[PDB]
Amino acid sequence: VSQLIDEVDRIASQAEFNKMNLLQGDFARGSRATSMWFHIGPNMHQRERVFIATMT
Amino acid sequence: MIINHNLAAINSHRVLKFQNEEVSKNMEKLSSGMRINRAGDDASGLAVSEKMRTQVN
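As given, the protein sequences belong to chains K and F, one line each in that order. One gets the deposited numbering by counting positions in the first sequence from 1 and adding 113 to each. Just so you know, the deposited numbering puts 18 at position 18 of the second sequence, and the rest follows in order with no gaps.
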């Protein structure tokens with residue numbers, strides 16, 4: 114059982130898409146480090162936010 | 001009427017060359033069947049693609 118939880122912890126710590134960790138919740142509700150933005154418009158002001166919580 | 005040069009011919013040649021280089025780049029990139037063939041096409045795309053391919057390996 115402890116092996117399974119530590120393996121889940123390993124997954125959370127080793128999650129990576131663009132050399133950026135995701136499962137540690139760097140973009141949660143109270144994210145202070147930095148913020149995600151999806152520029153999905155031809156103009157600079159068209160910016161969309163997406164949030165991910167801590168999975169530890 | 002001046003016949004020293006054909007300005008219309010020169011303009012047509014310039015347009016022709018400026019678009020033949022473009023069609024050459026096209027030919028190359030679809031013959032490779034792949035988008036970013038060299039630096040200067042999309043540097044960020046090339047970098048992220050090579051990095052994530054190294055991650056794949």
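For every residue, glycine included, the Cβ atom is placed at its ideal position computed from N, Cα and C.
Residue i burial status per 10 Å Cβ neighbour count (16 or more: buried)
| i | result |
| --- | --- |
| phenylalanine 140 of chain K | buried |
Interface flag, residue i vs chain K, CB-CB below 9 Å
| i | result |
| --- | --- |
| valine 56 of chain F | no |
| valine 15 of chain F | no |
| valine 48 of chain F | yes |
| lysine 25 of chain F | no |
| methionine 34 of chain F | no |
| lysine 29 of chain F | no |
Opening and closing residue of the alpha helix (DSSP H) in which residue i lies
| i | result |
| --- | --- |
| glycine 45 of chain F | 43-56 |
| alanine 8 of chain F | 7-31 |
| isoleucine 118 of chain K | 115-127 |
The beta strand (DSSP E) enclosing residue i, as first and last residue numbers
| i | result |
| --- | --- |
| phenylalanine 140 of chain K | 137-140 |
| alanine 39 of chain F | Element bounds for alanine 39 of chain F: n/a, residue is neither H nor E. |
Minimum Cβ-Cβ distance from residue i to chain F less than 9 Å
| i | result |
| --- | --- |
| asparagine 131 of chain K | yes |
Pick from the options that is closest to residue i, judged by C-alpha positions
| i | options | result |
| --- | --- | --- |
| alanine 146 of chain K | K/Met133, K/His158 and K/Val121 | K/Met133 |
| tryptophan 150 of chain K | K/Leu136, K/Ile165 and K/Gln137 | K/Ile165 |
| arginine 162 of chain K | K/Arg142, K/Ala125 and K/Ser115 | K/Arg142 |
| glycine 33 of chain F | F/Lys25, F/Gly40 and F/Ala39 | F/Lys25 |
| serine 148 of chain K | K/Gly154, K/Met157, K/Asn156 and K/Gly138 | K/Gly138 |
Assigned secondary structure, residue i (DSSP; H/G/I helix, E/B strand, else coil)
| i | result |
| --- | --- |
| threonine 167 of chain K | strand |
| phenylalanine 130 of chain K | coil |
Near the ligand ATP: residue i beta-carbon under 8 Å from a heavy atom
| i | result |
| --- | --- |
| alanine 128 of chain K | Here there are no bound small molecules, and the ligand ATP is not part of this structure. |
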